[PDB]
């Protein structure tokens, strides 16, 4: 897997990335012939395929329509994984322009997704951050929060990075306690999914309210409350782990009615 100059008849999906953003003209991920996106002559890297068509990464700034890769979730959750990894790879290259061991310039491996040193023998691989995500059920109610980071009107479940020395279970209890001040029980693992940028592994849990009153960390959350399961506010998009977890909670509440 090596980079190359785009030609006129090159076709596929174009992940055109600059400064942790990607280009989404008309709010869509560029699809089609390179010439229609003024991409001929640019250097691109194939980072995957989607529906038997290449996905290309290109590092270029555009004047308009640069945005976060989260916007792609709402387009297609599968393509989101490809596009975000593109964005992550550009950031991985940027954070390893110089060798942390010896200070010389690095260059990308051709046989792995790695950064190699022009001088020494060391190398770097992109990291995957373990993450928890948890839906907390209180009887016929579920805890949903609006996050400060997004400010997008979407009510969702709690999530955080696993810290050094912690199990997933300890990460769940800690994160919940920190963000909302509640204690949980009946922790149960339900599934996992990759998240592409920042590159992470989300482990999804279900849990029941144990004790405490909600007091939000304002650095993390704007609002948090218990919402009756059959009367929920605006939720994350269908197909996301967050949404699937909320809907399973709804399904279990339905089961006790």
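Residue numbers count along the first chain shown, from 1.
Compare the C-alpha B factor of residue 146 with those of the other modelled residues in its chain, then answer lowest, middle or highest third. Its C-alpha B-factor belongs to the middle third of this chain's values.
Lowest, middle or highest third of the chain for the C-alpha temperature factor of residue 184? As the PDB entry reports it, the C-alpha B-factor of residue 184 lands in the highest third of its chain.
Going by what the PDB entry lists, where does residue 103 fall on CA B-factor within its chain: lowest, middle or highest third? It falls in the bottom third of the chain.
Classify residue 6 as lowest, middle or highest third according to the C-alpha B-factor given in the PDB entry, relative to its own chain. Lowest third, going by the recorded CA B-factors of the chain.
Of the three thirds of its chain by CA temperature factor, lowest, middle or highest, which one includes residue 113? Tercile = highest for this residue's CA B-factor.
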